[PDB]
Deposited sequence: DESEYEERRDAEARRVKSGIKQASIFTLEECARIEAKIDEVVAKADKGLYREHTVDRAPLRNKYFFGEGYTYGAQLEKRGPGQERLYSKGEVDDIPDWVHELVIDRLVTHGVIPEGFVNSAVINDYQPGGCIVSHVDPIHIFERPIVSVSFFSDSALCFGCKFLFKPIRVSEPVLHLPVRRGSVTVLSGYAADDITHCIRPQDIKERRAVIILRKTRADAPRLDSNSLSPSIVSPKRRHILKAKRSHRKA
């Protein structure tokens, strides 16, 4: 086995993955321009503090709700979801039946430089409802599931599933793929700048800082 036990788990992950395109590349370029405006605005220090999280090779921009055992920030700590995210992204996904109207109340933009990554994690199940929707921009990459980020020496273990995410791809995670296995972006899979908009609903009973 191994091949079979691994294909077996890959099938479980796949059962919780739905992908779509919908956006044309022209439509992507327009959204990408707005993402660049967010980056420029943040660089000028025009946002609330907790909206912007800067890391080596990766910035995160939190709108609607942000979090930091994870807890939501108090209300009013992060910026509102920009009108363009509603108009160009969320509304399109609603009209296409990907998510219900009124579902999304959190939008996070991750912006990666080449070599940037995000370590294996499960989107906090006490904070976020499912499904988790993401839309990718600027360049093609891949989302990996089940990788372990190891040390001595630094390495990433073999993925249970490697899922190509092309520019303009909509990725919807639910069930096993969202709850029972981690996902990550490996450094080797970010060769050019890539950004992604993650759209989520927070749970009514999500714990929140005072």
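**Q** Checking coverage: what stretches of the deposited chain sequence are missing C-alpha positions?
**A** Several regions go unmodelled: 1-3, 72-82, 225-250.
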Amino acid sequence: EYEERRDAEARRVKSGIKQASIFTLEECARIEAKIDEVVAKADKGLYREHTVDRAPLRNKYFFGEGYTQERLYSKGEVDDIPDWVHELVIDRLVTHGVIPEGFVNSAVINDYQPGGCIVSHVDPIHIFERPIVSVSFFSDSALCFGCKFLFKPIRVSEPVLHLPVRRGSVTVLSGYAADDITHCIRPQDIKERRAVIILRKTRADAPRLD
From here on, numbers count along this sequence of modelled residues.
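**Q** Comparing 40-48 with 148-156, which stretch shows the greater average C-alpha B-factor in the deposited entry?
**A** That would be 148-156.
**Q** Would you determine, from the values in the PDB entry, which of 56-64 and 168-176 has the greater average C-alpha temperature factor?
**A** Of 56-64 and 168-176, the stretch with the higher C-alpha B-factor average is 56-64.
**Q** Considering only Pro114, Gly97, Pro124, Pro82, which residue's Cα atom bears the greatest B-factor as recorded?
**A** Among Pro114, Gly97, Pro124, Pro82, the PDB entry lists the largest C-alpha B-factor for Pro114.
**Q** Considering only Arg200, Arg186, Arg11, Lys18, which residue's Cα atom bears the greatest B-factor as recorded?
**A** By C-alpha B-factor in the record, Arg186 ranks first.
**Q** Should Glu129 be placed in the lowest, middle or highest third of its chain by the C-alpha B factor in the entry?
**A** Lowest third of the chain for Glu129's C-alpha B-factor.
**Q** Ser120's Cα B-factor: lowest, middle or highest third of the chain?
**A** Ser120: CA B-factor falls in the middle third of its chain.
**Q** Rank-wise, by C-alpha B-factor, drop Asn105 into the lowest, middle or highest third of its chain.
**A** Lowest third, going by the recorded CA B-factors of the chain.
**Q** Would you mind checking where the Cα B-factor of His86 ranks among the modelled residues of its chain, as the lowest, middle or highest third?
**A** CA B-factor rank for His86: lowest third.
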